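Below is one structure; the comments refer to it alone.
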Amino acid sequence: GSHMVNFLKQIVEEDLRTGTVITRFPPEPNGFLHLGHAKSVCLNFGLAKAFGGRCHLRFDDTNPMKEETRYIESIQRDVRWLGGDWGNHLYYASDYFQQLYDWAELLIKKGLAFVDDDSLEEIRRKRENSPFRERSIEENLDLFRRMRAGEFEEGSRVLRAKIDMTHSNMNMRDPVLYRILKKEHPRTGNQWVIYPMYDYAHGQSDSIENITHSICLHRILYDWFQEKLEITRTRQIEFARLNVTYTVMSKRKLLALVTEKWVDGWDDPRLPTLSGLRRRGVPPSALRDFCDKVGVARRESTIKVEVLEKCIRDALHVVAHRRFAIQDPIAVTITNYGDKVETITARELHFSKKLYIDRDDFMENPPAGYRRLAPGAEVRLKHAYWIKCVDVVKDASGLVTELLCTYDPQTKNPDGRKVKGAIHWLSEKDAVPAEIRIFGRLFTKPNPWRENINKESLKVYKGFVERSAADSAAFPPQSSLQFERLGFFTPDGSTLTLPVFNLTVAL
């Protein structure tokens, strides 16, 4: 004793007294969200919900971003999909452009900011002092003012906080506050020609917004700005970026993967974007569950994809619908059945003279001790009878193209006895042409855009699907099918002709 249990309640009281809570999810509107953002989303929305508070949805559009509105839509989509609830209200860092500017003037007035004439080269080198650090307040302030006025040109001058070049912040060696960029803003138009850098704008945005718990790496700087400003303080909580084996999430590597056509679009199922995961057929709950099983941690680790796959598989398993599919068809004729077409309940499922099995389930010269079909051998057809293969017919190339099989009335079982293996199958009467896409891990090794990329990450088959599986009203573009003894599949869609299905996950 002297402790705990569902003393979630007590610590709820410590935070409650040590302060309603207000978090923010603040993506930049310059790119589709990925799995990492899911971790952030669960944390921020999660935390506000737990305390009956509010989580602001903020776009960090602190400089001109090309297709800002596209990303605003996409982000709202993905956050709703994940299950986050912001207000009815959208927040924008660009809304703070003036206040930010005013506060920057305050820094120069306190002798805590100066204008550096040295280049981006000279700066990324000398990080010792700028040659301009000891500029007077009057001169600094005037120079900044003219920077805003648009008198000097891109990169010629820059405004920097005046901290310690020595002190290993590490990013506390005179961080850049304002860069001069002569380009128009989606939202601010032509009103600004200098813009604030992420570090300068981030905590001040938090402050303006009365964010109580900011969840995001170093917060000496964040605290520094708030301290010296001296404005509403906001508690900065920092955790470790998400890392998953066989997976990359770097802006650069991802952009390469798309642009270089390694994958097909940002919503490709092999990609760890929320769009791609949604299209792969992963359900949002699997993701929420995954982000819970990853856990908080200040120290940087790496979760094995098997944890992800288990989350999505466990989720799919609860809500999938059993349906039959053949990816690499091979024909079976039942030699002792004749015509007539018997119904089976196991959804409409028939049994007839003409079936299909999957090629991987037959073998002409089987290893010793081999479940599954082979000449002379017998298998159980799931939800049906046992077939024995006697005779095979091959094409001109010697390729097996039809199996001749007797069956045996005595369905789900053994009358003898016997048994062995069971396989999936499809009656011709029930089959409809389909494109079955089998997706692998994007990469081949756990710790790689470093092209050690799975060249076999996508194999496409022209096969068959049980007719109700292509119902489209019954199974719309991200519903859950379990194609028996084949995997968890969703019908393909898009997250902005043959029926197409994606392998969402094995087993």
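Along the charge dipole of the range 325-461, which of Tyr356, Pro433, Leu458 sits closest to the positive end, that is, farthest toward it, with unit charges on the beta carbon of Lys, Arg, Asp and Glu (+1, +1, -1, -1)?
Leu458
Taking the highest mean first, how do the peptides 270-282, 362-374 order by number of other beta carbon atoms within 10 angstrom per residue?
Going by the mean number of other Cβ atoms within 10 Å, highest first, we get 270-282, 362-374.
What does the convex hull of the Cα atoms of the range 241-319 come to per residue, in Å³, rounded to a whole number?
87
What's the ranking of 327-333, 148-154 by average number of surrounding C-beta atoms within 10 Å, highest first?
So the order, starting with the most tightly packed, is 327-333, 148-154.
Could you check the simple spin-label distance between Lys109 and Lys182, using points 7 Å along Cα→Cβ, in nm with one decimal?
3.0
In nm², what is the average projected area of the convex hull enclosing the Cα atoms of the range 223-370?
17.0
Report the charge-dipole magnitude of the range 241-319 in Debye, nearest 20, computed about the Cα centre from +1 at each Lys and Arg Cβ and -1 at each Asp and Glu Cβ.
260
Obtain the nm distance between the two label points defined at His321 and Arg371 by a simple spin-label model: each point lies 7 Å from its Cα along the Cα-to-C-beta direction.
About 2.7 nm separates the two model spin labels.
What's the FRET efficiency of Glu13 with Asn210 using the Cβ-Cβ distance as r and R₀ = 22 Å, to the nearest 0.05?
Rounded to the nearest 0.05, the efficiency is 0.55.
With the Cα gyration tensor of the range 328-431 in hand, give its eigenvalues times 5 under a square root as the equivalent ellipsoid semi-axes, listed largest first in whole angstrom.
Ellipsoid half-lengths, sorted descending, are 21, 17, 12 Å.
Percent of Cα-Cα pairs more than 20 Å apart in the range 94-195, please.
36
How high is the FRET efficiency from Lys253 to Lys394, r the C-beta distance, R0 45 Å, rounded to 0.05? Please list the in-between numbers first.
Details: r = 47 Å, r/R0 = 1.03.
About 0.45, to the nearest 0.05.
Would you kindly calculate the translational diffusion coefficient of the range 1-78, applying Stokes-Einstein with the Kirkwood radius from alpha carbon pairs, for 20 °C and a viscosity of 1.002 mPa s, and quote it in µm² s⁻¹ without decimals? Show your work: numbers first, answer last.
Working: Rh = 14.5 Å.
Translational D for this selection: 148 µm²/s.
Note down the magnitude of the dipole of the chain about its Cα centre, charges +1 on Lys and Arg C-beta and -1 on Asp and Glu C-beta and zero elsewhere, to the nearest 20 debye.
1160
Along its three principal axes, how long is the chain when you only count alpha carbons? Whole Å, largest extent first please.
100, 62, 41
Averaging over every viewing direction, what projected area does the convex hull of the Cα atoms of the range 298-369 cover, in nm²? Each step should come with its number before you reach the end.
Values: hull surface 39.1 nm².
Average of the hull's projected areas for the range 298-369 equals 9.8 nm².
Any read-out appearing in this document is the output of simple, stated calculations on the displayed coordinates, not a laboratory observation. Ideal geometry is used to build each Cβ from the backbone, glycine not excepted, and the neighbour counts take in all protein chains shown.
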